[PDB]
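1. Fold the following and give me the result.
(one chain, ligands or ions: 2)
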Amino acid sequence: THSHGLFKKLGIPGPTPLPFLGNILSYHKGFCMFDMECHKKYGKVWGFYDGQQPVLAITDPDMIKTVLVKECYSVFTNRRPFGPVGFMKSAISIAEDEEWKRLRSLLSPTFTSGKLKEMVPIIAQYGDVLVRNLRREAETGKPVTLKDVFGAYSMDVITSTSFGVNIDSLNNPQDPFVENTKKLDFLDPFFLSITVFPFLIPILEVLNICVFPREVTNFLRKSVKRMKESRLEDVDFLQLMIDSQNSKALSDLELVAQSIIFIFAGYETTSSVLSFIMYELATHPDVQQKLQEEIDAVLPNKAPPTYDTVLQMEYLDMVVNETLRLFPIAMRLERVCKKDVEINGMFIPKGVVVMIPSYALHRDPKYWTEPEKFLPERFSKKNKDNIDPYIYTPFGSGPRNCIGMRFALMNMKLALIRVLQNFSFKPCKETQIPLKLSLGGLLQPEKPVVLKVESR
Ligand code: HEM
Ligand SMILES: CC(C)(C)OC(=O)N[C@H](CS[C@H](Cc1ccccc1)C(=O)NCCc1cccnc1)Cc1ccccc1
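-> Numbering: from 1, shown residues only. Ligands and ions are numbered 1, 2, ... in the order given. What follows is the structure:
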């Protein structure tokens, strides 16, 4: 509470913090509601406290460009630490300063479009698996829980595109590989405690207690070392990383850490976003029909999608983009200010976490007409030019943006094309309309999305 005078000293408005807790009791309706309320009450900048940690929210696009792009290497290089991580210190998304810059360099060629284009046939084959599993539920007119069927698909693409492991996870839900990979919210009892007692992280570190379950990581560390020495010697991210350390080059533990970070990144996020898209499509049947029409036009006779035909589909892009406006699953972007700086006329002291409230800026009425409405036309080739890339930031911006952005969009778009070539999706009576968001620390629905699936 001796850090609680900072924003008052700088003349920055904000909610008044409680001793020890700072402002965290205000998270009782989730990050997103608190961000919106603060933006409304206070304006273009505000300040609050995760316990003793000061967080400065910013909403000026010039200033957001300074933090995310212009001054990224110099000042704003790292996100805030969040819990004991053990050897996952070395994952690209956790690493800092020159170690991150090194790993970002080492893994960037892995995510080029050319490498992605070679991944498309592997991503395509489990679209086919996705359809047959869905068709089994559509012929037995039982409502479908999207998270399970899409989770199984996302998991299927990951195991294949990252290790070559080919599993029908939905029907082998309990293969040892699928078990570890699925398993284990910054507003759960643990992480709030860490925010009130962030002195306790080094405690857990010397104790080898890790927020990554130690059994999953132990399983994958040894799984990788088997794969590595079965390929060595006798198309996936592991090969791409194995070829990279065939040179400063990627250590062996370092390689495992990135493998682990890739698996989750796209397990729950791809799965989650595909469900938000199928919700919107089901409650906006005209948007759905217009997409089936575009897909049939570009790929007649249920022609298999290809890398090039996917980038041909403009309405598909508009649907994806608009969904990520309403549900940017990151919610906020964050960088720690490593040096006293003054950017766009505002002094920022060292150690402040600077925060871009994406969810709140994606639903700002001052940049978006009817911002709560699902309106893909916002992203039409005509109107797309009028959208500020520092207000709409579903993948971040700048040198620390989502390295997997192009893979994710291609992964999800192949997912939707195949599924819409063969099915229409319709609300049930058990479908939650309007969808309510979870009051927790994740951007996800209050209730899981359930929809009726009919065969075309
Ligand atoms: C719909 C899917 C996804 C969305 C919306 C998304 C969004 C984001 C966002 C908002 C960030 C923070 C960017 C920033 O701080 O400016 C991020 C970081 C990151 N994402 Fe994604 N992401 C997605 C999928 C993926 C996938 C499939 C991968 C596959 C490897 C991935 C890997 C990463 C990595 C490694 C980082 C950290 C980048 C760094 O620290 O250098 N993400 N993502
Ligand atoms: C989004 C937020 C900050 C509100 O709560 C978080 O969950 N904490 C993020 C870590 S998320 C997840 C956690 C994890 C899981 C397994 C191993 C290590 C870490 C993770 O693997 N993260 C990196 C890849 C990723 C995640 C989501 C989207 N794209 C890529 C901090 C963070 C959040 C989003 C992007 C980058 C970092």
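2. what's next to stretch 36-44, contact-wise?
-> Residues outside stretch 36-44 that contact it (Cβ atoms under 8 Å, 6 or more residues apart in numbering): 13-15, 46, 48, 57-60, 357, 359-361, 363-364. For every residue, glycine as well, the C-beta is placed using N, CA and C.
3. chain center to it, what's the gap?
-> Relative to its parent chain, stretch 36-44 has a centroid offset of 25 Å by Cα atoms, centre = their mean, to the nearest Å.
4. If you count neighbours, what's buried in it?
-> Going by neighbour count (16 or more other Cβ atoms under 10 Å), the buried part of stretch 36-44 is 36, 38-39, 42.
5. Can you tell me which of the contacts of stretch 36-44 lies closest to residue 439?
-> residue 359 (13.4 Å; Cβ to Cβ).
6. To which secondary structure element is that closest one assigned?
-> Here residue 359 sits within helix 358-362, counting by DSSP states H and E.
7. what residues does that helix touch?
-> Identification of contacts with helix 358-362 by Cβ under 8 Å, 6+ apart yields 31-32, 35-36, 38-39, 59, 325-326, 328, 330-333, 367-368, 371, 391-394, 443.
8. among those, which are in strands?
-> If you go by DSSP state E, these have residue 333 in strands.
9. what's across from the residue of the stretch 251-400 of the chain found nearest ligand 1 in the sheet?
-> Here the stretch 251-400 of the chain gets closest to ligand 1 at one residue, residue 396, 2.1 Å apart by Cβ to the nearest ligand atom. For residue 396, the beta-bridge partners under DSSP bridges are residue 394.
10. Just list the residues touching it, thanks.
-> 68, 330, 333, 402, 405.
11. okay if I get those as TSV plus distance to residue 428?
-> Shown next, in TSV, are the contacts of residue 396 (distance: Cβ to Cβ, whole Å):
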residue	distance to residue 428
68	41
330	30
333	36
402	33
405	33
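12. What remains of these if I keep only buried residues?
-> Buried, going by 16+ other Cβ under 10 Å: 68, 330, 333, 402, out of the contacts of residue 396.
13. Can you tell me how far the third one is from residue 456?
-> The span separating residue 333 from residue 456 equals 40 Å under the rule Cβ to Cβ, to the nearest Å.
14. For the lengthiest helix in the chain, buried residues please.
-> As assigned by DSSP state H, the longest helix anywhere in the chain is helix 252-283. Of all the residues in helix 252-283, those buried under the rule 16+ other Cβ under 10 Å are 254-283.
15. buried ones in the next helix or strand after that helix?
-> Using DSSP H and E, the helix or strand that follows helix 252-283 in sequence is helix 285-298. Buried residues in helix 285-298, defined by neighbour count with 16+ other Cβ under 10 Å: 287-288, 290-292, 294-295, 298.
16. Tell me the gap between helix 285-298 and the middle of its chain.
-> With Cα atoms, centre = their mean, you get 26 Å for helix 285-298.
17. Mind exporting the C-alpha coordinates of whichever helix or strand comes after it to PDB?
-> Of the helices and strands lying after helix 285-298 in sequence (DSSP H and E), the nearest is helix 307-312. This file holds the C-alpha atoms of helix 307-312, laid out as PDB (Å, rounded to 0.1, in the frame of the first residue of the first chain):
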ATOM      1  CA  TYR A 307      -3.900 -23.200 -49.100                       C
ATOM      2  CA  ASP A 308      -4.600 -21.000 -52.100                       C
ATOM      3  CA  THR A 309      -8.400 -21.400 -52.200                       C
ATOM      4  CA  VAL A 310      -8.500 -20.600 -48.500                       C
ATOM      5  CA  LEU A 311      -7.000 -17.200 -49.000                       C
ATOM      6  CA  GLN A 312      -9.500 -16.800 -51.900                       C
END
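18. what comes into contact with helix 307-312?
-> With Cβ under 8 Å, 6+ apart as the criterion, helix 307-312 contacts 116-117, 120, 298-299, 303, 316, 410, 413-414, 417.
19. Could you identify which of these has the most neighbours?
-> Within these, neighbour counts (other Cβ atoms under 10 Å) peak at residue 417, which reaches 27 neighbours.
20. nearest to residue 92, of the contacts of residue 396?
-> Using Cβ to Cβ, the contacts of residue 396 come closest to residue 92 at residue 402, 11.0 Å.
21. filter the contacts of helix 358-362 by proximity to ligand 2?
-> Subset of the contacts of helix 358-362 in contact with ligand 2: 330-331, counting by Cβ under 6 Å from any ligand atom.
22. near ligand 1, which residues of the stretch 301-450 of the chain show up?
-> Counting by Cβ under 6 Å from any ligand atom, the stretch 301-450 of the chain comes close to ligand 1 at 324, 329-330, 333, 394-397, 400-404, 407-408.
23. Show me which pair in those residues is furthest apart.
-> Greatest spatial distance among those (Cβ to Cβ): 333 and 407, at 19.6 Å.
24. Quick check: what element follows the host helix or strand of residue 116 along the chain?
-> Residue 116 is part of helix 113-138 when elements are defined by DSSP H and E. Sequence-wise, the next helix or strand downstream of helix 113-138 (DSSP H and E) is strand 144-145.
25. Could you check how far that following strand is from the centre of its chain?
-> With Cα atoms, centre = their mean, you get 22 Å for strand 144-145.
26. Does anything pack onto it? Which helices or strands?
-> Using 3 or more Cβ pairs under 8 Å, 6 or more residues apart in numbering; DSSP states H and E, the elements in contact with strand 144-145 are helix 113-138, strand 450-455.
27. which other residues reach that strand?
-> With contacts defined as Cβ under 8 Å, 6+ apart, strand 144-145 is touched by 134, 137-138, 448-453.
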